[PDB]
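Okay, here we've got a single chain as structure tokens, the form deposited in one PDB entry, with questions on binding and movement later.
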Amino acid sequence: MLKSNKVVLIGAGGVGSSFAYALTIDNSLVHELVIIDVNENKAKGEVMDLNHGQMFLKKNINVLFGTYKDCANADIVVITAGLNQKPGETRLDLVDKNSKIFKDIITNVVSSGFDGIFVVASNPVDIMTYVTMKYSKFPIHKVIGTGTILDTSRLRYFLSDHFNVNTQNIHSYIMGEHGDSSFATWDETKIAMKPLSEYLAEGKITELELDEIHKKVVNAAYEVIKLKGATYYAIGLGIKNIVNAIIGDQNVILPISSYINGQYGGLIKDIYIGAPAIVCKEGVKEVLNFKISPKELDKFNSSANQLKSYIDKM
């Protein structure tokens, strides 16, 4: 028998609503979308606005107001609820209030009988991913965070604009914390099959331009927050892509919040951090391990140690 695939969204603010809109437009078999928000009226209005556009979609989809009960037979639970950062605030300044919000959300979600896959976007996303795994008691491979997918998308856009080359051919990652301590894989970067070192040697880009691009990646959230209050379009597309990759069993490699336990030298273990992993219908299929340059490995270790600090204080 054929099945009805169900996604429950928890948190109907800018990020969640953008994700839901994008998913209705570009849908890899999501038959039911259930929206949950502690602000009941916001969720109701978003459900209405999404349903009023069905005539313009490629496919019809069931979009419903829901409660935690709906998670019982959900295949995916997307969590975007929590406080976002205000001007002058880091993502780590949200750890305490957002962890308390996630203790409550994860209890309800677990008590309903949910046994699908978690997709976490709330900040700080790596620590919130670890918290989801611990509170839920779920296997490590059924808990996914968006990690550095958004930072990587920003990096690839900036490089695409610099070289006037489609983002599809920009093979570079942001790894580490989804935050101030991230780093770019400059030494492993290629444009199609042409290494970045050849572009540097040819004077088509400079090392300080690389430093500036990485700093723009790091500061992008702060800039967009100053300009329009919060970021939601790019993260909405990233979540949509993760969801479709899961439902489609696409076995695609993405730089997500991945649980490391021996990879990248093993100096730091048992944390979630921005790193490449294979995604499929069962969740994470494998957390990859590849050699990165010594300086880049020191940056990775420093970022992972920063994360481990917060994990140890709880």
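Heads up: residue numbers just count along the shown sequence, starting at 1. Basically, rigid core = biggest C-alpha set you can superpose within 1.5 Å across the two forms.
The mean Cα B-factor in the deposited entry runs higher for 98 to 106 than for the other of 141 to 149 and 98 to 106. Of the two segments, 196 to 204 and 83 to 91, the one listed with the higher mean B-factor is 83 to 91 (C-alpha atoms only).
Comparing the listed residues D26, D249, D49, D70, the entry records the largest Cα B-factor for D70.
Taking the PDB entry at face value, the top CA B factor among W186, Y135, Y157, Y233 belongs to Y135.
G265 sits in the highest third of its chain by CA B factor, as recorded in the PDB entry. The PDB entry assigns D115 a C-alpha temperature factor belonging to the highest third of its chain's modelled residues. Sort the chain's modelled residues by C-alpha temperature factor and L297 lands in the highest third, per the entry.
When the modelled residues of the chain are ordered by C-alpha B-factor, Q306 sits in the highest third.
Ranked by Cα temperature factor within the chain, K285 sits in the highest third according to the deposited record.
Omitted from view is the form deposited in another entry, to which the following refers.
When the two forms are overlaid on the rigid core, CA displacement between the shown form and the other one of 2 Å or more is confined, within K215, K194, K86, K97, to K86.
Whereas the shown form places them at one spacing, the Cα atoms of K86 and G82 lie at least 3 Å closer in the other form. The Cα-Cα distance between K86 and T107 is shortened by 3 Å or more in the other form relative to the form shown here.
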